[PDB]
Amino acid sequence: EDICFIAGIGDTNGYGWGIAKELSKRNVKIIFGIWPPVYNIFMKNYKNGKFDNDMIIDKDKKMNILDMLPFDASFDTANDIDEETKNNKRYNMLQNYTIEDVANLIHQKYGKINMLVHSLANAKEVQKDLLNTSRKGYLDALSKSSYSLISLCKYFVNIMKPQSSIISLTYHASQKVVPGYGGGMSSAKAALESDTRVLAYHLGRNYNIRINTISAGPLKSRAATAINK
């Protein structure tokens, strides 16, 4: 009974989807964690059968999605959400979308899981180069793109079986310079890669859990097009 939570899926054009698809070949149950801003658009296109084509695993296999929950990696617990987003149009009708809440939520309905995927990143000033990125934009990139991994781990470790595995997605811009990859995203990836090592020590020694990071090549994803450079 393999259960995987994929955090960071807004459509079928990204890596989160290719991962989901491949996991299905091995018959693992998939739980999607969708960002609230695009949660309804995703659910809509899904119900209207606009993804049925993409859910084909060639071998007649139909992609089996266990659940689809709203999730925002910038909020650790319920009282971390600010009044503004709390009343925002796209958030008002949703609940239990913080990191702690989705962990508790998944634990109640399905119990312990054994696979976790961190497939998200965000940066307000990705269009500006490092030198011109503000402190606010920079810390926002790391808060969303890097710390969210540490947080997911801290909360999901309680609902994960021993010998479980965790992965995230990084980019080479962290080791070698690629102009255009701004807003502190290169910074966020360098941090994430270093944190993978440290977490690998703590998670391995205390929970006998593993964590690795995949450094992928270029893929024309929705967020990849955001990088106007």
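When you see a residue number, it is the position in the sequence shown, counting from 1.
On average the C-alpha atoms of 91-99 have higher B-factors than those of the other stretch, with 91-99 and 125-133 being the two compared. Relative to its counterpart among 162-170 and 34-42, 34-42 has the higher mean temperature factor, C-alpha atoms as listed in the PDB entry.
Each of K154, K144, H118, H107 has a CA temperature factor in the record; the biggest one is found at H107.
For the set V177, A191, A200, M55, the maximum C-alpha B-factor listed in the entry falls on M55. In this PDB entry, the Cα temperature factor of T77 sits in the middle third of its chain's modelled residues. Sort the modelled residues of the chain by CA B factor and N206 lands in the middle third. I65 sits in the highest third of its chain by CA B factor, as recorded in the PDB entry. For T85, the recorded CA temperature factor ranks within the highest third of the chain's modelled residues. The deposited CA B-factor of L219 belongs to the middle third of values across its chain.
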